[PDB]
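Novice: Protein chains in written order, with PDB author numbering: chain A, 866 to 1442; chain B, 1 to 125; chain C, 722 to 817; chain D, 1 to 210; chain E, 132 to 301.
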Amino acid sequence: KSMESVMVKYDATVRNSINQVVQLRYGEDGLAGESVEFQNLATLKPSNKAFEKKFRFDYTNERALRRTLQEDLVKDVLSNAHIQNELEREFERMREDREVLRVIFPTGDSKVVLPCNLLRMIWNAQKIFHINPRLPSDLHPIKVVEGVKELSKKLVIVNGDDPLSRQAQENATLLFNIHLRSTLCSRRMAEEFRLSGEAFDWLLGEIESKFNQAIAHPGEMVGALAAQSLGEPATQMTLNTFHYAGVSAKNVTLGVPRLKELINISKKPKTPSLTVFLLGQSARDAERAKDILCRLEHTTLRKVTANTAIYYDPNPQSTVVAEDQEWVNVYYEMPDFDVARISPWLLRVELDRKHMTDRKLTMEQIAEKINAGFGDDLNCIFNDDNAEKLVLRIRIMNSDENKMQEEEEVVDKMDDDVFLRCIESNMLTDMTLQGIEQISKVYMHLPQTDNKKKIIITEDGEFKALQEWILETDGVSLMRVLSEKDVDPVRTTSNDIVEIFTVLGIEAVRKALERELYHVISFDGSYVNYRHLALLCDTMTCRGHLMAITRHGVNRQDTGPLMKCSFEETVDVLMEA
Amino acid sequence: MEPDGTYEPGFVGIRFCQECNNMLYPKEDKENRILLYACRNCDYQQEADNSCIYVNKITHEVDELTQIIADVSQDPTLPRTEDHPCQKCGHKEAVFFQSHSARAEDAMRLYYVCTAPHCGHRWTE
Amino acid sequence: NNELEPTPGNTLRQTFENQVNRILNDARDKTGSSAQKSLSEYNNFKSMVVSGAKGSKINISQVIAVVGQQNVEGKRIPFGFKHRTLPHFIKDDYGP
Amino acid sequence: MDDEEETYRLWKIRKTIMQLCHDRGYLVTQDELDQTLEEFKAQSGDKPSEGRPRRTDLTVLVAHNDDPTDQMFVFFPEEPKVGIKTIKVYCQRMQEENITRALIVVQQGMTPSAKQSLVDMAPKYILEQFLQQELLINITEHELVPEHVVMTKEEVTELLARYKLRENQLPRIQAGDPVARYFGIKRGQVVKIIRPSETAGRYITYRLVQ
Amino acid sequence: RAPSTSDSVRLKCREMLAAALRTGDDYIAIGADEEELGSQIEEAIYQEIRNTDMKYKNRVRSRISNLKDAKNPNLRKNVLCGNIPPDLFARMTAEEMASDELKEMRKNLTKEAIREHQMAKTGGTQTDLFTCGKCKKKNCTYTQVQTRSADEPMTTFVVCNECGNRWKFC
Ligand SMILES: [Zn+2]
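#1: Starting from the Cα of residue 21/D, find the closest Cα among 66/D, 172/D, 194/D and 158/D and give me that residue.
#2: Looking at residue 1407/A and ligand 2, is the gap between the Cβ and the nearest heavy atom below 6 Å?
#3: Smallest Cα separation from residue 110/B: which of 26/B, 78/B and 55/B?
#4: Whose beta carbon lies closer than 5 Å to any heavy atom of ligand 1, going through the chain in order?
#5: Using the C-alpha atoms, what's the distance from residue 1299/A back to residue 181/D?
#6: Between residue 758/C and residue 786/C, what straight-line distance do the alpha-carbon atoms span, to the nearest angstrom?
#7: Is any beta-carbon of chain A found at less than 7 Å from that of residue 294/E?
#8: Which residues in the same chain have their Cβ closer than 8 Å to the Cβ of residue 217/E, if we skip the five residues on either side of it in sequence?
#9: Does residue 106/B have its Cβ less than 7 Å from a Cβ in chain C?
#10: Report yes or no: do three or more beta-carbon pairs, one from the region 1174-1194 of chain A and one from the region 1226-1233 of chain A, lie closer than 8 Å?
#11: Could you give the C-beta distance for residue 21/B and residue 41/B, rounded to a whole number, given that I count them as a contact under 8 Å?
#12: List, in chain order, every chain B residue whose beta-carbon is nearer than 9 Å to that of residue 1253/A.
#13: Just the chain B side, please: which residues come within less than 9 Å of residue 1172/A by C-beta, in chain order?
#14: For the region 90-108 of chain D and the region 120-140 of chain D, state whether three or more C-beta atom pairs, one from each stretch, are separated by less than 8 Å.
#15: Nearest-angstrom Cα distance between residue 1047/A and residue 879/A?
#16: Excluding the 5 residues preceding and the 5 following residue 975/A in the sequence, name in chain order all residues of the same chain whose CB lies nearer than 7 Å to its CB.
#17: Pull up the distance between the alpha-carbon of residue 297/E and that of residue 1412/A, whole angstroms please.
#18: Starting from residue 235/E, find everything on chain C with Cβ-Cβ shorter than 8 Å and list it in chain order.
#19: Quick test of your reading: residue 26/B and residue 53/B, contact by CB under 8 Å. State the CB separation rounded to the nearest angstrom.
#20: Determine the contact status of residue 190/D and residue 206/D, defining contact as a CB-CB distance below 7 Å.
#21: Whose C-alpha, out of 157/E, 299/E and 293/E, is nearest the C-alpha of residue 1313/A?
#22: Give the DSSP bridge partners of residue 173/B, in chain order.
#23: For a quick check, are the C-beta atoms of residue 179/E and residue 1250/A less than 7 Å apart?
#24: Out of 931/A, 1268/A and 1170/A, which has the shortest C-alpha to C-alpha gap to residue 1257/A?
#25: Counting only runs that start and end within the region 1121-1191 of chain A, where is the beta strand (DSSP E) found for 3 or more residues in a row?
#26: Would residue 980/A and residue 936/A qualify as a contact pair, given that the criterion is a beta-carbon distance under 7 Å?
#27: Going straight from the alpha carbon of residue 1164/A to that of residue 1301/A, what length do you get?
#28: Could you name the residues of the same chain whose beta carbon sits closer than 6 Å to that of residue 171/D, not counting the 5 residues immediately before and after it, in chain order?
#29: Look at the alpha carbon of residue 1016/A and the alpha carbon of residue 1024/A, and state the distance between them as a whole number of angstroms.
#30: Taking three-plus beta-carbon pairs below 8 Å as touching, is the region 1363-1379 of chain A in contact with the region 1388-1406 of chain A?
#31: Is it buried or exposed for residue 250/E, if we count other Cβ within 10 angstroms and need 16 for buried?
#32: From the beta carbon of residue 1381/A, is the nearest beta carbon of chain D less than 7 Å away?
#33: Suppose the cutoff is 7 Å on Cβ atoms and the five residues either side in sequence are ignored; what does the same chain contact list for residue 46/B look like?
#34: Excluding the 5 residues flanking residue 1429/A on each side, which residues of the same chain have their C-beta closer than 6 Å to its C-beta?
#35: Do the region 1349-1366 of chain A and the region 130-149 of chain D make contact, defined as three or more Cβ pairs closer than 8 Å?
#36: If you reduce the DSSP assignment to three classes, tell me which class residue 1380/A lands in.
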């Protein structure tokens, strides 16, 4: 009911009913989903030396019969300077493309959907023409090179005699074009496929015909088609089956309940989280990670306290708790005048040494935190860190000068013990020592020895992966977690969408929402073609603000009343129209 | 002094009023360093003993050998054990079981109850 | 004996429940792998599984080797009764 | 506070606003771009904390994009919540200096009358609002956020012509959007978004601000 | 030779530090000048705070209490014999300095256990059967879901976490 109005138009930009543009060519590439197939990208080749060895057409040819193998032609072209510059013009471009392709697929995955299986077609050329895999050919490499240039010009998906249109053409076939050129390189043909010249000529004619056929048909109801294609695997597998993994788990709702949660643009996800990455020494040391985690972990004093007590002791220098007597020796000079002013009601707190250690927190920071929060009125003193018992001693002070029973004391004679309980109620529930805001008691400390992350480039050129620490967190405060020191502000991400929008802005939602949908579908194991998912997310963000696909989402769209009545609200919308 | 000294200062709720039998609340005498407990509806007041009026979170109540009433041993569906020697009487036949609570929180520790009339004695392991 | 020593990311109860589940799953998988191997070439059952027609390795495991740990809501059978699953068992029996 | 960590925060928001100025096209020293916290600690003399300039001397002028429309000015107020009075005094300083554009980086909250008055002065002179937390990082370097290019009014004219569209038919972006706010782009203008792709490999889209 | 002061508060804090050093009379079996050393301690603290602030007083007082420890006199002896200069003493070498057995061991083993609460976080699925079709490692996971079915029957899906590769019994 949301997508239905979206279709390919005859200029090929996919638009909805009110004619607004959804995409500029269908699914970002002009290609229909019926005739695309999985293919490998040779060019993501690991070591720089192996790539250079494999792809570069040799000129430092062996003085022996060299080259009369594979080709009978090179006796003709071993002397041409121009042919050497032109192939070098080809390889430097390949090496430049190679650099661009690494930026495109940071994951170092070489499996992409494309039309027209070039290995199987090339394999089909060898089969038909009956080409001996171990003989010299009559093929000319410049013919291949120029033929590939000529074939790229031939493969136009939308007209472009205009510089903007010319650029739109160049990028919209970039991935196929590097794939074409890297597979159909002069050395590839020569060292491997051994194709003859007419065989190459047929091969161009075949790639040309199947590619042109592949393009999407204007008129296709791709909006209707995409909605069912996503809809269908949602019917399949897992209502709410659990998958044991690492420490984590009661994490990220899986499947249809996650599809409903995601697609409704829920303000209150059932399990919101952020995957936080670490930097410097903190990305490889457990104890450093412990320190950053401690700053992040939203701990409240109630979590920390072993015990509380309230005591009636007007004068410390005669303490009811005889063991406390030494702090009085310790704290006689602590504002010695207002011991005549402090209330005879005493609060005592006992702290656990193991739990206090885990937060790596000090007693002075707590005294200073509570003193600063409540104010100078809340008079706090504390113990020696090396004592076997950890204690915090609390009294309550006033403003001295103004309290002389002027009228009747604007407090209405509230009991002071009772007020001390309210201090204890609030002091525990409010005080956010080291940990700031709601990420809750729940943290996870994960080693990514697991999946496909923390990988980079190296001097070898290969995608050697790192194994590093990360922090999964049940929480929402994405904004603050980014602001903290040593947290990687690049890769840190969330499964939540409302928060991603507030912090990162509408384009980031388009990416994250596609990723989250991609993630539920991969779990359930079934694969869905990328075009369909791109179209759904693009349909939802187009208005600018997220359009949940519910009556409070899509039925606010400026589409016509007669469409909107057939959705859900019916009578009310017709009345409002 | 020593940290071995148990923590039971006297929680104490009731010692309510002696006249109308309602609840007593602390209240101050700034003149004599004395706590008093007063009924809110009458003029009766009396000094308190301990200066303690409230504590919270012993956190470790071990409730391991308390509330667990000895008559539990008659239960036929609990596992009798040949594991011998009650620690009081020279007879085996301890009945045993986990936790039996929601406040236990994660205990796997066994509790043993001797079942012959000579004890009723209970003990953890 | 209270000597199990909890895993760094669970409570003592959760570690036990994880650990027995790991062993009982490990047990089914060993006996399951053992039957698929012990079978010959003529077993029509192997002909239906191998072609990809119907069923699966785990199906073979269940008819011949051993059915394994039943489940509900992602964990072992609940204590429907007070500290028991059926009246037939002793109280607090955490065995298989 | 009264701690060195605060300096790091001041340093870090200084780095982000300089990158932002740079990305709007304004000329800035690469040495300023590279300026580290330890360099800053001497180069501005963030003293020992207590003793001077909380956020009044850090105040900086930024001087012009390749097209000389002349300076931009960036101000860091001191108080946690800024009132219309301080904005007005600031306004007097920018007017007397005859500034072209002002960016205001506030400590915590915002007076609603101040935002309103900030709204109402807009047709006369133009004026931006950032909360400091949003500047503690640089969102443009996040792994999800694509390359945004503001288009010049003429290039948009060519865009509508070559596709034969109308501005209304385009995909839209909020004016109050964090990336829209980051460029400080005003309503009615178009932003060109460049993305990585799993099929074309590169996909180009446009968004109207509204 | 240590600089005297004309402030009453600093002078009193000095005798308190001297008084703290006099505990157990350990200074006697060494015969050191605990009053001068205390004055150097106070001055060294003053060189960092330069104020009569609570934070200065607390730092002095926490120095005092740690010197007053009955569980570790050997710390005080170490300070009294001049093995720990006052400028060093001005800053803690450990949280509440507890070196010299007992508490350091206890604090360290506690540092072991709280670090132990992160160590394995907890991981694995446990089968380690199939070998990957990409990074050729045998550490792999399997999924078992929806039985009977219509056209996609219950199949064993195997995923290599170790590089996100996914396949079926196939
Ligand atoms: Zn691998």
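Heads up, the beta-carbon is just placed ideally off N, CA and C, and yes, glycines get one too.
Specialist: Let me lay it out:
#1: 66/D
#2: The ligand content of the structure shown is limited to ligand 1, which means ligand 2 is not among them.
#3: 78/B
#4: 266/E and 294/E
#5: Rounded to whole angstroms, residue 181/D to residue 1299/A spans 31 Å at the Cα level.
#6: 11 Å
#7: yes
#8: Result list for residue 217/E: 168, 171, 172, 174 and 175, in chain order.
#9: yes
#10: no
#11: No, residue 21/B and residue 41/B are not in contact; Cβ-Cβ is about 11 Å, not under 8 Å.
#12: 3
#13: 7, 55, 56, 57, 58 and 59
#14: yes
#15: 31 Å
#16: Contacts found: 905, 906 and 909.
#17: 33 Å
#18: Within chain C, no residue comes near residue 235/E; the closest Cβ sits about 24 Å away, beyond 8 Å.
#19: 5 Å
#20: yes
#21: 293/E
#22: Nothing can be reported for residue 173/B, as the shown portion of chain B is limited to 1 through 125.
#23: no
#24: 1170/A
#25: 1138-1142 and 1170-1177
#26: no
#27: 8 Å
#28: Hits under 6 Å: 207.
#29: 15 Å
#30: yes
#31: exposed
#32: no
#33: 36 and 37
#34: 1420 and 1438
#35: yes
#36: helix
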